[PDB]
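Peer 1: Please find one structure pasted underneath; my questions will follow.
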Amino acid sequence: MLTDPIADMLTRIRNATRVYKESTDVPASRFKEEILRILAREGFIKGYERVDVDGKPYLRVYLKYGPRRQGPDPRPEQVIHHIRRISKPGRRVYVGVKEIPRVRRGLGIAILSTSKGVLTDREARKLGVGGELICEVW
Amino acid sequence: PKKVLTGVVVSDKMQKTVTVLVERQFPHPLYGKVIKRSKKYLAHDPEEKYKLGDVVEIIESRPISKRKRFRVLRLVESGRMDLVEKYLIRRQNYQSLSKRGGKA
Amino acid sequence: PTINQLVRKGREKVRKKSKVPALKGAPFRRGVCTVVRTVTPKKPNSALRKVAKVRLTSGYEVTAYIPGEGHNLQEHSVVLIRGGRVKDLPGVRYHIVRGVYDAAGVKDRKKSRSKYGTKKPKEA
Amino acid sequence: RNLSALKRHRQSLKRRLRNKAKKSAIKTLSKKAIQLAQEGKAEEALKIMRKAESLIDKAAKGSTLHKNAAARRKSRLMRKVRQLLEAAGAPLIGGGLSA
Amino acid sequence: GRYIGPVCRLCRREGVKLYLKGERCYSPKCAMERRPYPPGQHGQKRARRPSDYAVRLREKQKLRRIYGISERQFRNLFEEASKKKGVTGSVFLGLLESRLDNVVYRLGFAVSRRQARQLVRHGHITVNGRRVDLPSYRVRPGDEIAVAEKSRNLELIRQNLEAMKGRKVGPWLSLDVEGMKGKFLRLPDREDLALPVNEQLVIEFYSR
Amino acid sequence: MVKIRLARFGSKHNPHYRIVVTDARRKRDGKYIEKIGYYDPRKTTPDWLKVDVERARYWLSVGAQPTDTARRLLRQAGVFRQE
RNA sequence: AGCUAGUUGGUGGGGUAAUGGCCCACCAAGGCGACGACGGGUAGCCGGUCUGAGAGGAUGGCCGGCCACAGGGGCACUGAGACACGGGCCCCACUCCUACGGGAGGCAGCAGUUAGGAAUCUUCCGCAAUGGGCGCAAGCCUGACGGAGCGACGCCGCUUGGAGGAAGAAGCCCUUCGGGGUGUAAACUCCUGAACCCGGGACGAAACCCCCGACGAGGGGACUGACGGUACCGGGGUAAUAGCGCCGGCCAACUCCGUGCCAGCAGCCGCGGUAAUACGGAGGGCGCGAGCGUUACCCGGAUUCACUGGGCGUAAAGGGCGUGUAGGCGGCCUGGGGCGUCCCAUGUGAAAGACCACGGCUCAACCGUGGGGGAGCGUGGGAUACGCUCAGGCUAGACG
Ligand SMILES: [Zn+2]
């Protein structure tokens, strides 16, 4: 059994994105899809789709990267340079608006998960709320 | 706001009064996780109404005896010493882990 | 440490280990010397050093060290301990207050006249 | 020396003798009612209880007892007296205790 | 007590030219002429590649000695700055420029904070008439900096305020002679002052 | 006996007071029920005295024998002057 | 590592302003503990202080708030109040007293005294102000206080001068013996005029009270200042204290003589055993300046206790393996509840401090008015993604 999907997902991704994989399915779930809905939306993967491997419902996350490179090492730049499940269980992490951070001087996001749904930080300030600090991409 | 409290009736075997467990959560002051601490209040029960393994309410009150300053505002729900059993056991192991250890 | 180990046990503090049990952490201790012997240093470098085992005004007593060229410390002069050591003379936890009490800095002084306590001259 | 204003000690003392005495009365006299009452002494008990009652509020009229003291003392008493007459009673002088 | 002693010396060692030397620091006499090398016995000998530190030190010194001001202030003032809102580097200079004395000097009632300050400590000057002197005087913007009556009748002063015609007064200044007055138009800024000091390094020396 | 007087806050020759309300039983410069004005002895300003009777009224609507120098000050601002 | 007899609770009662095992009687057989009881150790807690990028560490002097204490211990009377610093009773150590029976004593109040100590002052001034107590009042009382003295103990301002002035004095170090250095440095030229002297010389203070008129409101008028004749205002008024540390690397500033593992330096690794920029003085040099340097202690650097922000194959560091209690952690779906969680309103967060703006003593230190912020908690209200929770379902985990 997983001990915490969210985190797991983020990783499957993390682990996949690092070998320049076309796609990496992640076991389907109400939440997640969400995170991706953003993750994706926010231009951090062409998006994701619902695929049933073994009739078992998953989520194909469609990773993406930059272009090939010069000189020694033609591996494209990573689109998702960073990712970290901040509030894991075993040590929960809630923060209130004025508590939300500035992921990477603002070139990176944070994913709060308020009572107004899951949302980025700039979006948290928007509806001016705070919640449980989830992953943190940039 | 005279304090009120939901908790459990871990023990009655005394006169007119009762023992109450009252779990509690709150963030570790420094390590963030939410620790789930506990405390045994003594509520004053007259008709000896409330019984073992009862969820109930406690209320701040005018003394009745030292180590005894609350009362039973109500019965949240009956039957469920599953919580007691635990309490019971918590202190069960105890006495054993002195120079030899609890048990299981 | 799985948080929990921390919530549960948590980091152990520290503990300073005072190096001058000349007590009360005061900086100077009145005293009366007993022996006014003289020792050799540790392996690295050698030379006869003018120590001064002193009896402190606080039931304690040490191997007071005396600086400056020569000294006027007598087997029974009121001195004054003040810290210091010697990575040469094992077991010498302090220093002397030349100028205070029976001490008056070396008479052949002219420079760092604060230390080695001698006043100031009337040159010209 | 001679802190004159010391006086008070003197005073205190004097004033004491007064206080103590005022009280002792009540005690010694109050029991008189109880004892009587318990026995079944209609009047006298009721009677003397009045004497107490008063002398009590009397007491509590000066920096003796005052406060609620009076009440207590007072109540404490009749309360005591009352139930006590559950032996045939029949409040005579009554007065003290209304019905 | 400040310095008191071979000032042009400071120059030689601090390296550049230091005008704390009223006049003369204008022609074969600022020492810096054919004897710019630093003081000391060796002085005119090689100078080991300055310590990535020495630099912050000196550069600081410089911008300090310039004003011949007390370190306990030249530093205590720095904090007053950093504290304040604004590119510190600026601010400092800004405030380090409203020193009633320097102020005066920039005007022309004298030729050096060294000959100034004194000229300051004898009521010879006045911030808005009711006069002052405490060199350590912060001049807000838009203030009257006239002379001490009893002083108007004074050689130097008169002469200084006299020679004062052809030379200009910095864009945040404005006095005259036909009134021995003046005015603190506004807090200056880096540029405004030519100061041969790199404030940035200064800002730095105070992080160690 | 909740008075209304002055506690010192000035400085060694720069006395500055607040027209407080303590209980006397409390120091001059110790805790208090509420401030309500300041008095400047050396009057080096154009406000060496302010007050707010907006309050003094209720505040005098109960106990508070204001110090003689209290009613004084209060008098200028005349917590009184009921024309 | 297990503690408990007034110990846990009941009934009845005493006691107090008041609840109460606060105390007493009798009855039940309970209370507390690893979420750390009980014991031992150190300790007044706070505001705030220092320090830190902060989270955090360390602290709690002066000022403000609460507490306990008044030779060590116990009890209580008088009173609105105390278990009462300068009130009382007893008891013990102690000083003084004494006709030897028997007594008087409390500075942890201002100041002083002695003692221990590295160390912490004046036996002054004043009732003017502010406050406190009694008083109709006048008015006394006030070592609370407002001041002065004492201490470089800290902090802030300040003088030891200013301009010119030698291709550059003498005396004093270096040497390739040409010469380089201390230096515009001084001497000297005028200029200003600290200290010091002459005159005047307060704010702080307008109320109590007198008069007024209704001892109401409004108006007049008595008088009083310790500091102090000080601060300051005008006059004249003499160029008129510099010291301390450091100069091998970190670390800034190098030379010479002396010097021989000795004399000594030292925070560290280290220097001396004839050329030592490291030991001693000088020449100079750097740093700061009525200060400079040391000594001890707290924070920092020390991500070296690691929440932020560490680790465990060989550097210290995986428990000889298991089963498993408590405890921590939990799959996919829907609904209720809305405790965690977020949100708004309000209440609270004293004052001083610290942030900020203007202001006041010539500046600043210090000071006032104003503004802002402030986690936390209390009452109402709102949200439901997440965590829990309560009820229904599924089958990817588990088991069969
Ligand atoms: Zn020059």
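Protein chains in written order, with the authors' numbering: chain H, 1 to 138; chain Q, 2 to 105; chain L, 5 to 128; chain T, 8 to 106; chain D, 2 to 209; chain P, 1 to 83.
Where a beta carbon is used, it is the ideal one built from N, C-alpha and C, also for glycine.
Per DSSP, which one or two residues make a beta bridge with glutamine 26 of chain Q?
Peer 2: Answer is Q/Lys37.
Peer 1: Looking at the unbroken beta strand (DSSP E) that takes in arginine 18 of chain P, where does it start and where does it end?
Peer 2: Unbroken beta strand (DSSP E) run through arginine 18 of chain P: 17-19.
Peer 1: Would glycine 33 of chain Q count as contacting chain L if we go by Cβ distances under 9 Å?
Peer 2: Output row for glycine 33 of chain Q: interface = yes.
Peer 1: Check for me: the alpha helix (DSSP H) holding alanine 32 of chain T runs from which residue to which?
Peer 2: Its alpha helix (DSSP H) spans residues 16-46.
Peer 1: For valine 93 of chain H, which residues in chain Q fall below 9 Å Cβ to Cβ?
Peer 2: Near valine 93 of chain H (Cβ distances below 9 Å), the residues of chain Q are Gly33.
Peer 1: Quick one: is the Cβ of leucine 19 of chain D within less than 8 Å of any heavy atom of ligand 1?
Peer 2: Because some heavy atom of ligand 1 lies under 8 Å away, the Cβ of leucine 19 of chain D counts as near it: yes.
Peer 1: Considering only C-alpha positions, which residue in the set T/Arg8, T/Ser11, T/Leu104, T/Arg15 is nearest to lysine 58 of chain T?
Peer 2: Checked all of T/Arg8, T/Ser11, T/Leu104, T/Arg15; the closest Cα to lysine 58 of chain T is T/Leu104.
Peer 1: Looking only at DSSP bridge pairs, what is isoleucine 126 of chain D linked to?
Peer 2: Answer by DSSP bridge pairing, in chain order: D/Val148.
Peer 1: Touching or not, the segment 157-168 of chain D and the segment 127-144 of chain D, by the rule of three or more beta carbon pairs under 8 Å?
Peer 2: The answer is no - the segment 127-144 of chain D does not touch the segment 157-168 of chain D, with fewer than three Cβ pairs under 8 Å.
Peer 1: Here's a check: name, in chain order, each residue in its chain whose Cβ is nearer than 6 Å to the Cβ of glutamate 50 of chain T, leaving out the five neighbours to either side.
Peer 2: The answer, listed in chain order, is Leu99, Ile100.
Peer 1: Under the three-state reduction of DSSP, which class applies to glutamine 16 of chain Q: helix, strand or coil?
Peer 2: Coil.
Peer 1: Run down chain L in chain order and give the residues with a C-beta less than 7 Å from the C-beta of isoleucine 36 of chain Q.
Peer 2: The contacting residues are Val11.
Peer 1: What is the residue span of the beta strand (DSSP E) that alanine 7 of chain P lies within?
Peer 2: From DSSP, the beta strand (DSSP E) with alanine 7 of chain P extends over 6-8.
Peer 1: Do we get a CB-CB distance below 9 Å when we pair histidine 29 of chain Q with the residues of chain L?
Peer 2: Taking Cβ atoms only, chain L reaches closer than 9 Å to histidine 29 of chain Q, which makes this a yes.
Peer 1: Under 7 Å Cβ to Cβ from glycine 69 of chain D, same chain only, skipping five residues before and after it: list those, please.
Peer 2: Within the same chain, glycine 69 of chain D has close Cβ partners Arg3, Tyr4, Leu21, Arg114, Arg115.
Peer 1: Just how far apart, CA to CA, sit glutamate 73 of chain L and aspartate 112 of chain L?
Peer 2: If you take the alpha carbons of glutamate 73 of chain L and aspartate 112 of chain L, they lie about 8 Å apart.
Peer 1: Put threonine 61 of chain L into one of helix, strand or coil per three-state DSSP.
Peer 2: Three-state result, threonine 61 of chain L: coil.
Peer 1: Consider the Cβ of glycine 90 of chain H: report whether some Cβ of chain Q lies at a distance smaller than 9 Å.
Peer 2: Chain Q, which has a Cβ nearer than 9 Å to the Cβ of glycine 90 of chain H, makes this yes.
Peer 1: Would you kindly report the start and end of the unbroken alpha helix (DSSP H) that includes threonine 42 of chain L?
Peer 2: Careful: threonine 42 of chain L lies outside any alpha helix (DSSP H) and carries neither H nor E.
Peer 1: Using a Cβ-Cβ cut-off of 6 Å (strictly less than) and excluding sequence neighbours within five positions of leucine 120 of chain D, which residues of its own chain qualify?
Peer 2: Hits under 6 Å: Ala111.
Peer 1: Can we count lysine 22 of chain D as close to ligand 1, meaning its CB is less than 8 Å from some heavy atom?
Peer 2: Yes, since a heavy atom of ligand 1 falls inside the 8 Å radius drawn around the Cβ of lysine 22 of chain D.
Peer 1: Buried or exposed: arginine 57 of chain D, going by 16 or more other Cβ atoms within 10 Å of its Cβ?
Peer 2: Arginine 57 of chain D comes out buried.
Peer 1: With a threshold of 8 Å, are at least 3 pairs of Cβ atoms found where one atom belongs to the segment 43-51 of chain L and the other to the segment 71-88 of chain L?
Peer 2: With the cut-off at 8 Å, the segment 43-51 of chain L and the segment 71-88 of chain L do not touch.
Peer 1: Between which two residues does the beta strand (DSSP E) holding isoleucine 59 of chain Q run?
Peer 2: Where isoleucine 59 of chain Q is concerned, the enclosing beta strand (DSSP E) stretches over 56-61.
Peer 1: DSSP state of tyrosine 65 of chain H, grouped into three classes?
Peer 2: The answer is strand: DSSP assigns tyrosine 65 of chain H an E or B state.
Peer 1: Please state whether DSSP places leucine 133 of chain H in a helix, a strand or coil.
Peer 2: Reduced to three states, the DSSP call for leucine 133 of chain H is coil.
Peer 1: Does ligand 1 have a heavy atom nearer than 8 Å to the CB of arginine 14 of chain D?
Peer 2: Not so, every heavy atom of ligand 1 lies at least 8 Å from the Cβ.
Peer 1: State the DSSP-derived secondary structure class of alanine 44 of chain Q, mapped to helix, strand or coil.
Peer 2: DSSP places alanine 44 of chain Q in strand when its eight states are reduced to three.
Peer 1: When you compare the CB positions of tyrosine 17 of chain P and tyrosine 38 of chain P, do they come within less than 9 Å of one another, or not?
Peer 2: Cβ atoms of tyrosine 17 of chain P and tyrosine 38 of chain P: closer than 9 Å.
Peer 1: Which one or two residues does DSSP pair with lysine 88 of chain H in a beta bridge?
Peer 2: Paired residue(s): H/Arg91.
Peer 1: The alpha helix (DSSP H) with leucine 127 of chain H in it runs from where to where?
Peer 2: Taken as a continuous stretch (DSSP letters only), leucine 127 of chain H belongs to no alpha helix (DSSP H), as it is neither H nor E.
Peer 1: Helix, strand or coil, according to DSSP, for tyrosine 95 of chain Q in the structure here?
Peer 2: Three-state DSSP puts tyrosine 95 of chain Q in a helix.
Peer 1: Is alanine 117 of chain D a contact residue of ligand 1, with contact defined as CB to any heavy atom under 8 Å?
Peer 2: Every heavy atom of ligand 1 is 8 Å or more from the Cβ of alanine 117 of chain D, so no.
Peer 1: Which whole-angstrom value is the C-beta distance of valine 53 of chain H and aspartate 8 of chain H, which I expect to be below 8 Å?
Peer 2: Between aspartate 8 of chain H and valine 53 of chain H the Cβ distance is about 16 Å, and since that is not below 8 Å, they are no contact.
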